[PDB]
Amino acid sequence: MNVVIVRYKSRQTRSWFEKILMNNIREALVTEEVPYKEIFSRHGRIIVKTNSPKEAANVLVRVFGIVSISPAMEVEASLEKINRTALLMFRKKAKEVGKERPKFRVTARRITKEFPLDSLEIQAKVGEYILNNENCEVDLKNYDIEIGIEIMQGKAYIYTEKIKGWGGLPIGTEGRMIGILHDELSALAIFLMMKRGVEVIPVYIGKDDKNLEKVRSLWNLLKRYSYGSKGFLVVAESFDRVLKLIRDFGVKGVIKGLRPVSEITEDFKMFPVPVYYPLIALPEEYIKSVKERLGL
Amino acid sequence: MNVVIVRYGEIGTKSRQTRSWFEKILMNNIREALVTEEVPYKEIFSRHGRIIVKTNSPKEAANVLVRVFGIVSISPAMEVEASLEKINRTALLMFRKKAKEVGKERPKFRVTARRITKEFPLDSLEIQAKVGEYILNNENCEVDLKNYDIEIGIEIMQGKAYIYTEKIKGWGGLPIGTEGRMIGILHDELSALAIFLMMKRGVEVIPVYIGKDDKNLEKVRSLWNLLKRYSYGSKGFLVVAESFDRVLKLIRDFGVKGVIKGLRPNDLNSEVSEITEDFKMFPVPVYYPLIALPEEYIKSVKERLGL
């Protein structure tokens, strides 16, 4: 394989959404030591050219704004090369499935329409080619292998995996806020807001540093979902430092881990910007599903 | 005198901030202004809709504060215990000082009183009548509510009376910082005026020069030096960006919510391509004060600035 296909309402225009998302993808790969040659957005998708597609994919699953990810092989769009590459990918996957006669299907999509054959014809010819070289059978309902094919600007992208991303919005597309971090709950609140496209500056309040080591541990976990932001924990010894942080970095909101009025009234007055409580405002079922996927 | 009365807030005006934050931000800018100009002062506080600056250099403080946005009017004043006796004698003392400056045998005057808090026994009109009678009995003068050479102002708040004869008009607008932060592309007099107009609307502006260390930069630094005298509350440092990538970096790093340009209708084509292009090159909204704000208003600003 040589690339990773990245598939993705926002207050950002389409072009800025893509530029910010590509920025975050770039920062994630650099931070996690995954090599890549290029990153570009064309015809609604982002292509990351890299010789470490599997490693890249694993990382990109944590980048908000991404719906699905597909490690893949990019080849010249010719029936000959598409057939050979599709068979090569099928055999690698078949080896992993471990069945003598795996069920499969082919799914092709012409992003751009210059290729002379339509999706149906591509799927039929590729299926016939595979059927002539491996013991297997076509099954459109239940299959062990799915050969996906996307053709765009004279290139064919062939894959067998469609990894689900976290969805949400790209970090930085919905502004910048500070997140008051002190426990697992406040940490979850920060995660839920980053998924909403908010760049968060985590802050630990207080001179007393007994709970600081524990907090740094929490941030180290959250950091893996913060690509695009500086991701530096700010320790504020007193409140004047928090207000200064808000002013100096153009913060537009404050996130707290309050869970389900008095504190809310007091919060409203002590902060010069709106305070958000994700654990209270968002649907319980949604939060539940997020916790479940995070294994909490 | 021993204080400066700072008045703010005006009907029909909208501030995204609550009154409390509006006042804290304004006091912050007032402190920055006085400290920058090295004007001594003892205290600065906000009470009952007014900001009081306790200082033995009231005239000097007042002249600096004229350049602080969000201020409607400024009055150097004498603070005294709120007793009719003290109010009368201080009012006469200040009236005489002003009358000497006016230089007329029989100046026209009026008294304007306000009970900010309501503990004083006499209402505003009673105070005006009594103080006016005191002055009329001790000086050759005449009451005239429409045209007057002298106005004796009296504000009573929490047992203290603030007496003044001067009421300096501020620039109005909103305190710098109450309406967010934006970068202002500075390159000429027009863009400088554009920035001035936005700061007046309470926007903290980071001036940015897109270019190299040339002669136009020297010209820009001098433009910024003039604008700086109206930017108390912001960092107020000119940023030189060698390329557009540095501008985007600045926007991201400082959490800028908008970009200000000095574009005029006279610089656009029927397709306003520069506007549509601007919309695409910047990740945040771009504002054009010289196009969006009324013509007569802009002229008034230029007139007051002597441009």
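As a basis for the values below, the full set of heavy atoms in this structure was taken, side chains included, without hydrogen atoms, waters or symmetry mates. A note on names: the letters A, B, ... follow the listed sequences, proteins ahead of strands, and every chain is numbered from 1.
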From NZ (A/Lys230) to CG (B/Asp253), nearest 0.5 Å: 5.0 Å
Donor-acceptor under 3.5 Å (A/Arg176 side chain, B/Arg252 main chain): yes
Shortest non-hydrogen separation from A/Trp16 to B/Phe279 and the atoms involved: NE1-O, 4.3 Å
More than 12 heavy atoms of other groups within 6.0 Å of A/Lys113 NZ: yes
More than 12 heavy atoms of other groups within 6.0 Å of B/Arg16 CZ: yes
Contacting region of B/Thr18 [heavy-atom separation from chain A under 4.5 Å]: side chain
Exceeds 12 heavy-atom contacts within 6.0 angstrom, atom CD of B/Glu189: no
Flag if over 12 foreign heavy atoms under 6.0 Å of CD, B/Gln158: yes
Contacting region of A/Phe17 [heavy-atom separation from chain B under 4.5 Å]: neither
Euclidean distance, B/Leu248 CG relative to A/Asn23 CG, rounded to 0.5 Å: 10.5 Å
Which atoms of B/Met182 approach chain A - backbone, side chain, both or neither, heavy atom under 4.5 Å: neither
Crowding at CD, B/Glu10 (>12 non-hydrogen neighbours, <6.0 Å): yes
Neighbour count >12 (heavy atoms, 6.0 Å) for atom OH, B/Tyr288: yes
